[PDB]
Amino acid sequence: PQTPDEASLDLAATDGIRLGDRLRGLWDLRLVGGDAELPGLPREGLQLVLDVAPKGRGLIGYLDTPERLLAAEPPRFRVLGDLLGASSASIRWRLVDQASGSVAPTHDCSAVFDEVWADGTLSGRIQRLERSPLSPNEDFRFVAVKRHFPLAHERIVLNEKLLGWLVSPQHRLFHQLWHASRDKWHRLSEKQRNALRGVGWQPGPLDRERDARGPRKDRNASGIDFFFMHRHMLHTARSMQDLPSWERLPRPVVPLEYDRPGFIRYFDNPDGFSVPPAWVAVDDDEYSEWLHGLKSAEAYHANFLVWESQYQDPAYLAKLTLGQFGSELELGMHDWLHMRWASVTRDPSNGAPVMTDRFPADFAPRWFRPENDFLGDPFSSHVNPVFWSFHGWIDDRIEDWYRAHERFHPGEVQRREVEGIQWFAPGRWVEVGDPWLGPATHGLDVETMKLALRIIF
């Protein structure tokens, strides 16, 4: 056999990328055995922090007490390893004694990854490199447990008044149905359309419906409905609680290489704005790869950072009517904002992860509990505290669109109050003047909305 003639960029594959994602984070460590002792460290109450680049094959980390990991001084032990030939069955890394004054490894570690559904488990053995392998077996083993990634609602608390208004069946169904009709109107048969008209849930004015995802979606003023309704939802919600809008989009997690305490803090999700780790959908690899990149860091620099720039650039906004700006923003950024900060679908009763997303027609009573705040569903997305941070951001950009036109087209856009909400008069850049707030404007009953949703799905 012949060895390679030169080195070649060895980017991680799907299996290697997924392995690194199982490891990246903060772990609580425990030493077991008669010979289980690390210089200057207890046997209990330890932590293991690890990190792997998005497509990297090298493994890094640190092993010390919780306080020392956050302190600026170099931790007592540093991790170095690689994932070549690694898997859930075998992972290996070495420990460097930062106090010994030498980068030479002092210990050799192996581990196996497991899953417990009663966020991760690592267990294996450690070997002192000074000890000889021909000596009696050394009872040195460890067990690690990946620390729970806090949910948004576990860090941003919505008071009972507001939260009670969101989780109400009269509101969950409204939001789902408000999106459902316009999202699917362009694919409904005439029989279905006539039925929605029979209950007053046609998207927009009767016989002049504004489909949201049809061919004329950009020109049919549908965007005006999206902006206005969600601003209407903000106004009433902000009267019950202070809901500051995002000023900037949260940056991706800082690598463990450059800010060890910051990296650790990110996995505690202190401000609730941390990107939840992606989850692998069963028997749907195309969707899993889609969600993964949507949450990656290169998607932040390739897409989310471009949107934050475009929708605050005057020259870019001055070219769009409110109907265009809304439809463009909703179809691209809005849908991606939800899934980027979306956590895994969970059972409302117990909170354990549920791989199968809720069926749109499933109206069981358990789904109505406050535990269900899945951002991937309009029936529950409005419950997530992050929902209101980035929808406040979107709304504020409407003023950038007004300021832009006053610069390039002074006078062609006029403000106006509509339904007790600051808005704009119909004109050259405002296609229509009757925003669609459901049957209230172009016609709540809970049993009716269940029917309408049943018609659609």
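We number the residues from 1 along the sequence you see.
- The entry shows a gap from residue 118 to residue 119, with 4 to 9 unmodelled residues of the deposited sequence in between.
- Counting the unmodelled positions of the deposited sequence between residue 443 and residue 444 gives a long gap of 10 or more residues.
- As recorded in the PDB entry, 269-277 is the stretch of 269-277 and 298-306 with the greater mean C-alpha temperature factor.
- According to the PDB record, 131-139 carries the higher mean C-alpha B-factor of the two stretches 179-187 and 131-139.
- Note on the listed residues 385, 252, 205, 75: the highest Cα temperature factor in the record is that of 205.
- The residue among 282, 322, 151, 337 whose C-alpha atom has the highest B-factor in the PDB entry is 282.
- Residue 293: CA B factor in the middle third of modelled residues in this chain (values from the PDB entry).
- In the deposited entry, the Cα temperature factor of residue 439 places it in the highest third of its chain's modelled residues.
- In the deposited entry, the Cα temperature factor of residue 447 sits in the top third of values across the chain's modelled residues.
- Ranked by C-alpha B-factor against the other modelled residues of its chain, residue 55 falls in the lowest third.
- Among the modelled residues of its chain, residue 171 has a C-alpha B-factor that falls in the highest third according to the deposited record.
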